[PDB]
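Okay, structure first, notes after.
Here the Cβ is made from the backbone with ideal geometry for all residues, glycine too, and neighbour counts use every protein chain on show. Quick note: the coordinates plus some simple rules give every number you see, no bench work behind them.
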Number of protein chains: 4
Amino acid sequence: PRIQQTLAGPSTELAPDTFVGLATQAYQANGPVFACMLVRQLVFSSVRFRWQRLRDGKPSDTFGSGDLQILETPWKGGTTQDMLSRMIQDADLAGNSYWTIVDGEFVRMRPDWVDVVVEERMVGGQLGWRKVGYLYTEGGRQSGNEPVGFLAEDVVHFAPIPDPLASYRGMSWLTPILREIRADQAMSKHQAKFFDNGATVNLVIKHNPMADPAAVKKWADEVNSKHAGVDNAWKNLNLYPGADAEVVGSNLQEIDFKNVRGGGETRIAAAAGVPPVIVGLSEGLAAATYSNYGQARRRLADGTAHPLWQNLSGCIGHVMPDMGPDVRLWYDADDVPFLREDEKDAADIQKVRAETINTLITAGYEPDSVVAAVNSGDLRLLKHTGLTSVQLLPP
Amino acid sequence: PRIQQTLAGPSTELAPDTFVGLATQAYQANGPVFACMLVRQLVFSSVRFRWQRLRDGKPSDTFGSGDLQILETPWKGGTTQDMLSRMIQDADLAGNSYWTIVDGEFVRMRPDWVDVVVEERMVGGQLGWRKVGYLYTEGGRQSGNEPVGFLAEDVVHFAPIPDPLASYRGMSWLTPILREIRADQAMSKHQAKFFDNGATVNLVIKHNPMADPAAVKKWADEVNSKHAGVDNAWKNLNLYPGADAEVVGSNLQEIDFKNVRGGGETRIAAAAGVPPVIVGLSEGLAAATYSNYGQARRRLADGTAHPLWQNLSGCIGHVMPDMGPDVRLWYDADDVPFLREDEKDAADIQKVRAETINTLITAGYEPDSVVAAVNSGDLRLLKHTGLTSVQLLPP
Amino acid sequence: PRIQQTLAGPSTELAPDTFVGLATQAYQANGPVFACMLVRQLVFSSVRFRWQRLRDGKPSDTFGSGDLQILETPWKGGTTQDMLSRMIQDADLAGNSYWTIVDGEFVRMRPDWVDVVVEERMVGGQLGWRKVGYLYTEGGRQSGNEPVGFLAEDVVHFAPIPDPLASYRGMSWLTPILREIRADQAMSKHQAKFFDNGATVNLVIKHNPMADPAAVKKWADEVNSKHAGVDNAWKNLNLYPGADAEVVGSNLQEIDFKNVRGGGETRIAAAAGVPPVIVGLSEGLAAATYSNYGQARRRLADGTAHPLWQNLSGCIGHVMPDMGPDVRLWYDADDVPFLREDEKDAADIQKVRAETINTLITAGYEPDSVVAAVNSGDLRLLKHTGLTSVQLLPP
Amino acid sequence: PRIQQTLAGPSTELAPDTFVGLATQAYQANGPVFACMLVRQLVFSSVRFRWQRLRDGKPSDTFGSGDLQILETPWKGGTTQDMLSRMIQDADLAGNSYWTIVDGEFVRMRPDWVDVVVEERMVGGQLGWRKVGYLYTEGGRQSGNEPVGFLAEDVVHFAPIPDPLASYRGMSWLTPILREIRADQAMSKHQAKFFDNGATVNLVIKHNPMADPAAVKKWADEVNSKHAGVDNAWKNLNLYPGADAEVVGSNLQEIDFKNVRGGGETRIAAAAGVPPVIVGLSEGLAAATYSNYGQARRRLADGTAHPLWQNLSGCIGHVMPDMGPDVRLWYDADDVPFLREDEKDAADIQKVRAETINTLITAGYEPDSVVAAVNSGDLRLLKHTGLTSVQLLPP
C-alpha cells in the first residue's frame, strides 16, 4: 500500500525500512528465529539448475548447455550457494530479493533501497497499474546520491509470499510473530534480572530488644565465623535467650515460564514453516524427541523445499536466454543427500511399474498399448495382438 | 555497517573485535559451547578433496592429479585435518578465516587483524562496492606496524553464514545466544556460592534466660563431646528445665535449576546446529536416550555436514589452477566411518535400479532407451525393438 | 598467548605449569574424570601402523616394510600400547605431547618443560611467526640445568585440540569443567562432613524443674540400662510426673544432591566426549541402562576413535623415512574386537555391491563399465556390448 | 616424584607404601571392592599363551613350540592361572607386579619391597633417566637385610595404568575412590550403631503427680504381666484417673541411605571398569535387571579384557628368547566360554565373506583379484579374465 504519484515522474511504489530493525532485533537477538532461518539457509541452498525438455507439455529428460555457466559461478570467486543463501536471507528479512546481471556477473541489490516504478494501464478506463522498471538509490532516498534505474526484463525479483493489499510487493513471515518475539525477549530479560536484583537469604535472626548494637555485631561476626563454609557444616547453633532463628529458602520456581515459552517457540516455528525437532527446540517438554525424525524430514522437504525451488527457478529463468517454447529452466536434486528416502521410494515405484509392464507383455498384449495403459491408468487402451505365450489345447 | 573511508587511502570495511572476547569468555569458560565446537571440529575435519568431472552438467567419476599435493600437505609438518579443524574453529569463533599461499605453503592470518579493501562500482551512479583486495597488519590495527596487502584472487575467504547488514563479511552463530551463556554462568556461580557463603546447622538450641554463659559454654562443650560423629550416635539427650532443641536443616529446593538450565542447553545446542544427544547434554531429563541415535546422526549429517563441505570446497576452488570449464574441485568422504549407513542405503537403491533395468531389458526393450527411462523416470522414452523373449503362439 | 622476545635469543612461546595441578587434582582426586580418561586410555591404545598405497589419490590395499619396526617396539622391552597410552595421557592433561627418537628408541618428553622456539616471518612485512625448533630444560627453567635443543623435523608434536589464540599451542578439555570438578569435590566434602560433626539424637527428655541433678543422672542411667540394645526392645517407658518425652529423627535426605551431581557428571562426560553408559556412571537415575549400549558404542567409536587415530598417524608419519608421493602412513583396525559390528556392516555392503555387479553382468553389459558405474554411482557410464544372456525370438 | 639420590650409590625411584594399607582397609573390609576384584580375577585369569606369526605385518596363524612349557608350568605345583590371578591382584592393589626367573622357575617379588635403579641420559645435557635395573630387599627398605640386584632384561614389570608424574611406575585405580569407600564404611557403622546404642519403646505412660512410687511399680509390674507377648494380646487397658498412655515408635526414615550408597557403589564399579550388573550390585534400584546382560558382557569384554591381555603378553614377551623379527608372543583365548558370542559373530562374518567371494568369482573375475578386493574393500583392484559363465547371444 505504497502507491504514490510524482509531480515530474512516473508513479512509484515505495519500499519500507523495517529491514534494518528486523535484522538487528530478530536475527542477531533471538535464538529460535536464528536457528530456524539458519536451517532454512542450510537446506534450501544446495540445488543446481538445468534445462528440462517438454514433450506435449509434459516434463521429460534434462540436458545442459553453456548458457547456464553464469548460474554455476554467479561472480568472480563465488558459487551458486552464496547466491541462494543471499536471496533466502533477503526474502526472509525484507520479503523481496533483487538481482541484476552486469558484464557477466550478478550484483546483489539491497532490498529496502530498491523502488518499483509503475504506470497507469489503459483499456476505456483504468485497470490497475503496469510494471515498467526499477529505481535504485544509494544509501536511501534522502542520501542525495544520483539514482540509477533498470528495466523490468533485466532484473530478477524474488517474492515468494505475495502481499494481498499490493500488486508487486512481498512480505516477510517475521511480522505476525513480533508479539511472540517480544514476549520471549521480555521473559529472558525478567529471568536474567533475578541474578542482579535478587537476594538469597539463608537464616533470619531476630534479636532481643535488650541488646547493645555493638554486642549484636560481635555475636553476628562470631556466628559467621563458626557456621560458614563446607568445613563448618552439620554443627550445632546455640542461641542466647530472647533470640529467634528461622530458615528461609527462595522462589527459584518463579523464573520457570516453560508453559508459555513452549507456545512462543511453537508459533515461531509454525511461522517459519519448519518442524521444531529439525530445529532442535524443546517446547514444553524435557527434551525434543528424535523417534519420529523421518516424518518431520518428509514434511519439511515435500512441503517447503520443492515449491520454493520451483518458484525460484521460474523467477530466475526470465533473465536467461530463450531456448524456445519447449525447453524451460528447472532445478535438479539428484545428488542431494537430504532426499535419499524419496529417491528410494521413486525407485520402488518404477520397479513395480516395470514388473507390471513385464507381466502385461507376458500375457500377449501389444507393447505400445501396454505402456500407454500403464502411463495413463486406463485399461480400455489395451489392444491384444491375438497370441498367447502358453499353448492352448483343443480339449 | 563498518564502511569507512580514508582521506588518503582506499575505503575499507572494518572487522569487529569479538574474537578474543568470545574465545576467552565462552570457549574456555563454558561446557556446552566447548562440547558443541569439539563435536563439530572432530566430525567435520575428516573429509578429503578430489577433482570431480561433470558430463553435460551432471557430475561424473572423480580423478586425481599432481595439483592436490598442496592440499594433502598444506604446510611442512601439517595435514589436511590440521587445516580443516583450524578453519572450522576460526569460522565458529569469528565468522571468517583467511588463508593464503606463501612460497607454496598455506599460511593462516588472524581474522581480527584482516580488513577488506573495496572500490566504488560504476554502471551513471554507484551500484555498491567492488571487492579489490585484502589488508593485514601484525598486532592489530593500532599496533603501528607496516600493513601488508594482497589480492582478492590469492586469498581464501571462508564465511558460511552471511551477514545481511555486511556487504561481504559473515557473522558467528555465538552472538545471539550470549544471554543464555551469561545466564548459565550466573546459575553456576549461584550454585558455587552455597558452599562458601551458606552455613548448615544441625540442632538449634534455646537456653534458659537466667543461665550463666560460662555454664552454657560448659554444657555445650559436654553435649558436643558426647554426641559427635557416628561413634557416639543414636544416644539419648537430657535437657535441663527451661531448655529447648529444634531440628532445622537447609532447604535444597533453592539450589535447583534443572528446567531453566536445560532450556538454555537446548537453545545453545540448537544454535550450534547439533542434536543434543550427540553432544551428550542431558536437558530437563535425568539423562539422554541413545535410542534415536541413528535418527540424530542422520539429522546432523544431512543438515550440517554436507553443505559445509560443499561451501568449503567452493571457497578452496578459487585459488586452484583453472583446470577447465568441466572439472571442478569437490570433496570426497568415502572413507569416513561416520557415513557408512548412507553408503548402505545407496547400495540398496543401486541394486533396486539394477533389478529394474534387468527386468525392463528382459521384456524386450532397447537397452539405451531403458537406461534413459531409468535415469529420467519417464516411461514414454522407452523404445521397443519389436521382439519378445517368450514363445508366443497364434492360437 | 605466551609470545615473548629474548634479548640474546630467538623468540620462544612459553609453556604452562597447570600440568602438575591438573594431574594431582583431577586424575588422582576425582572419580568420573579418572573413569573417562581410563576408558579413553584403554580404547584408543590398541591400533597398529602400516603403509597405505594411493592410486589417483584414492586409498587402496596396504603393505608393510622394515621401516615400521621402530613403531612396533618403541624402545627396549616396550610395545606400541605404552606409547599410545603415554601420548593420550599427555594430550589429556597438558594438551601436548613431545617425542624424539635417539639411537633407535623413542624418548618421552615431559610437556610442561618443553618450550617452542619461533622466529619472524618476512614476505615487505611480517606475516605471523615461523616454527624452527624446540628447547628442553631439565626440571624447569629455574632449575639452572643446561638446556638442550632439537630440530622441528625430528620431534613428534601431538596437539589434537588447537588453541584458538595461539599458533602452535594445544589445550586440554579439563579446563572448561574445573567448576564442575570443584562443585563435585565440595559436594563430596559436605556429604562426608555429616559423619564427623553431625549428631543423631533418638529421644529428647524434658525434666521437671523440681529435680536434683544427681537424681536426674541416676534416672537417666537407669533408663539407658533398661532401654538400650536390641535385647531391650519393644518394652514400655514409665515417666515420673512432670516429665516429657519426644521422638526426633534426622535429616538424612539433605546429603542427597543427585539432581546436581548428575548434571555435573553429564558435563564432565560431554567434555570427555564419551557416553556416560560406556563409562558406567548414573546421572540422575537409579542406575545406568545398558539396553542401548550398541548405539553408544557406535557413537563413541565413529566419533572419537577414528579422527584421533588419523590425526595421530599424520603427526607421527613426518618423522619416518619418505617412501614417496604415493605411499603414506596409516593405521589398521582389522583385528580389534571393538569394531566387529562395523566390519559386519562393511561386509554386508560389499556383498550387496557384488550381487549388484553380478546382476549387471548377467544383463550383458561390459564389465569395466559395470564396475566403474558401481564404484561411481553414475548409470551413464554403462556401455552395452550388444548381446543378451537370454534368447530373443522374432515373434 | 619419588626421585632420590645416594651419596655413594646410583639414584633410585621410590615406591609408596599403600599396598598393605589398601589390602587391609578395602580388600578385606569392603563388599563392592572385593566383588569387583574377584570378578576381574576370575574372568581374566583364563587366557593361554601361544606364538603368533605375522605375514607382511598382518598377523597369521599361530603355532606352538617347546619354549612355552615354562609358561604352562610357571613353578612346581603351579599353573598359568595361578600366575595370572596373582599378577592381576598385585596390579589392582599396588599398580605393579615384579616377576623373575630363578633356576627355570617364575618367582614373585613383593611390589612394596622393589625399587627401580636409574642413570642419567646424555645426548650436551640430561634428557631424562635411563632404566638400568632393579633392587629388592627382604622385610622392607629399613629392614637392614642385604639388598639383591637384578637386570632390567630379566625382570617382568606389569603396569597397565601409567602415572603421569612417575617416570616409570604405574598407579592403582583404588586411590581416587578412597572417599567413597570411607563414606560407605561410615554409613555401615551408622547402620550398625542403631541396634547397640538406640532404644525402641512401645508405650509411653504418664502418671499422676501424687502417685506413690511403690504403687506405680506395682501397677507397672501388673500391666506388664497382663499385656506381655502375643499370648496376652488384643486385650483392654484400664487407666486410673490421672494417667495417660501414648504410642511413640522409632522413625525408620533415619536409617536409609539407598541413594547415596547406590551412587557410591556406581562410582566404585565405574572405577573398577566392570558394569554393575555383572558384579551384581543393586544401586538406587530394588534389584539389578539381568535383561541387558549380553550388552553388559560385550561392554566388559571389549572394553577391558582384550587390552589387558594384550598388555600382559607384551610385558611377558621381553623375557622370552628372541624368536625373530616376525614371531611375537600373543595370547590365545579360543577355549574360554566367556567369549562364545564373539566367535559366533566372527563365524557369521566369515560366512558373509565366503558368499561374497563365491559370488564374485562366479561372475568371471580372476580369483586372486577377488581375494585382494575382499581383503582390502576396493573394487578397483578387481580384474576380469574376459570370460563369463552365461551363454550370451549376439541377437
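Of all residues in the stretch C:95-105, at least one satisfies being touching a strand residue (DSSP E or B) at 6+ places or on another chain (Cβ under 9 Å), within 30 Å of D:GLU180 (Cα to Cα), more than 9 Å from chain D (Cβ to nearest Cβ) and assigned to a loop (DSSP other than H, G, I, E, B).
Among all positions in the stretch B:70-83, there is at least one residue which is of a type in the set (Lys, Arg) and in a loop (DSSP other than H, G, I, E, B).
Checked against the criterion of being within 30 Å of B:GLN253 (Cα to Cα), within 12 Å of another protein chain (Cβ to nearest Cβ), in contact with a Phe, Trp or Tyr (Cβ under 7 Å, 6 or more places away or on another chain) and not acidic (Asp, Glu), the candidates A:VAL204, A:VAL230 yield just one match: A:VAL230. Of all residue pairs spaced 6 or more apart or on separate chains, those with beta-carbon atoms under 8 Å, a first member in the stretch A:377-395 that is more than 19 Å from B:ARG380 (Cβ to Cβ) and a second member that is of a type in the set (S, T, N, Q) and in a loop (DSSP other than H, G, I, E, B) are A:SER389/B:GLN391.
Note on the stretch C:44-53: residues that are assigned to a strand (DSSP E or B) and either in contact with a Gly (Cβ under 8 Å, 6 or more places away or on another chain) or within 28 Å of D:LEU308 (Cα to Cα) (or both) amount to 4.
Residues of the stretch B:267-280 that are in contact with a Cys (Cβ under 9 Å, 6 or more places away or on another chain) and part of a loop (DSSP other than H, G, I, E, B): B:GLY273, B:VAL274.
Across the stretch A:322-347, the number of residues qualifying as closer than 19 Å to B:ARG353 by Cβ and not in a helix (DSSP H, G or I) comes to 7.
Anything in the stretch C:342-395 that is of a type in the set (S, T, N, Q) and farther than 30 Å from C:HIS306 by Cα? List them, or say none. C:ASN358, C:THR359, C:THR362, C:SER369, C:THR385, C:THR388, C:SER389, C:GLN391 - these are the residues of the stretch C:342-395 that are of a type in the set (S, T, N, Q) and farther than 30 Å from C:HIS306 by Cα. Which residues, taken from the stretch B:1-40, are buried (at least 18 other Cβ atoms within 10 Å of the Cβ) and among the β-branched types (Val, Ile, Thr)? If the condition is that a residue be buried (at least 18 other Cβ atoms within 10 Å of the Cβ) and among the β-branched types (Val, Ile, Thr), then B:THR12, B:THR18, B:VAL33, B:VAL39 are the ones that fit.
The single condition from (1) on the phi > 0 side of the Ramachandran plot; (2) in contact with a strand residue (DSSP E or B) (Cβ under 8 Å, 6 or more places away or on another chain) that D:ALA245 fails is (1). All of (1) closer than 26 Å to A:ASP112 by Cα; (2) more than 11 Å from every other protein chain (Cβ to nearest Cβ); (3) not aromatic (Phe, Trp, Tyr) hold for A:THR80 with one exception: (2). In the stretch C:323-334, the qualifying residues are those that are farther than 15 Å from C:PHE49 by Cα and more than 9 Å from chain B (Cβ to nearest Cβ), and the one that is surrounded by the most Cβ atoms within 10 Å (Cβ to Cβ) is C:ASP326.
If you go through the stretch A:146-175 and keep only what is assigned to a helix (DSSP H, G or I) and over 22 Å from A:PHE106 (Cα atoms), you end up with just A:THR175.
Kindly check whether there is at least one residue in the stretch B:266-289 that is within 7 Å of another protein chain (Cβ to nearest Cβ), farther than 30 Å from B:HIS190 by Cα and among the small types (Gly, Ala, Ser). No: the stretch B:266-289 contains no residue that is within 7 Å of another protein chain (Cβ to nearest Cβ), farther than 30 Å from B:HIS190 by Cα and among the small types (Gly, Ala, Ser). Tallying residues that are touching a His at 6+ places or on another chain (Cβ under 9 Å) and surrounded by fewer than 15 Cβ atoms within 10 Å (Cβ to Cβ) within the stretch C:143-167 yields 1. Restricting to the stretch B:305-321, and then to whatever is touching a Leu at 6+ places or on another chain (Cβ under 8 Å) and outside any helix (DSSP H, G or I), can you tell me which residue is nearest to the other protein chains (Cβ to nearest Cβ)? Per the criteria, the residue is B:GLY317. Number of residues in the stretch A:119-143 that are under 22 Å from A:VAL107 (Cβ atoms) and either basic (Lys, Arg) or part of a loop (DSSP other than H, G, I, E, B) (or both): the value is 7. In this structure, C:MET109 qualifies as out of contact with any helix residue (DSSP H, G or I) (no Cβ under 8 Å at 6 or more places or on another chain) and not β-branched (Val, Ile, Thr). Scanning the stretch A:352-395 for residues that are in a helix (DSSP H, G or I), more than 8 Å from chain B (Cβ to nearest Cβ) and surrounded by 13 or more Cβ atoms within 10 Å (Cβ to Cβ) turns up A:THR356, A:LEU360, A:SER369, A:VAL370, A:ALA372, A:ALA373, A:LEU381. With the requirement that a residue be of a type in the set (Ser, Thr, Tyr), surrounded by fewer than 19 Cβ atoms within 10 Å (Cβ to Cβ) and over 30 Å from D:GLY249 (Cα atoms), what does the stretch D:168-196 give you? Within the stretch D:168-196, D:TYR168, D:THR175 meet the criteria. Filtered by the rule that a residue be closer than 25 Å to D:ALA183 by Cβ and among the aromatic types (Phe, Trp, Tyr), the stretch B:188-232 gives B:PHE194, B:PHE195. Each residue in the stretch C:253-281 was checked for being in contact with a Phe, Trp or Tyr (Cβ under 9 Å, 6 or more places away or on another chain), surrounded by 19 or more Cβ atoms within 10 Å (Cβ to Cβ) and over 20 Å from B:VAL33 (Cα atoms), and 3 of them qualify.
For the stretch B:44-74, the set of residues classified as surrounded by fewer than 18 Cβ atoms within 10 Å (Cβ to Cβ) and of a type in the set (A, V, I, L, M) consists of B:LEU54, B:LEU68, B:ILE70, B:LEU71, listed by residue number.
Matching residues to (1) of a type in the set (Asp, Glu); (2) surrounded by fewer than 18 Cβ atoms within 10 Å (Cβ to Cβ); (3) within 21 Å of B:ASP345 (Cβ to Cβ); (4) in contact with a strand residue (DSSP E or B) (Cβ under 6 Å, 6 or more places away or on another chain):
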position	(1), (2), (3), (4)
B:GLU283	yes, no, no, no
B:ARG297	no, no, yes, no
B:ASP302	yes, no, yes, no
B:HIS306	no, no, yes, no
B:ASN311	no, no, no, no
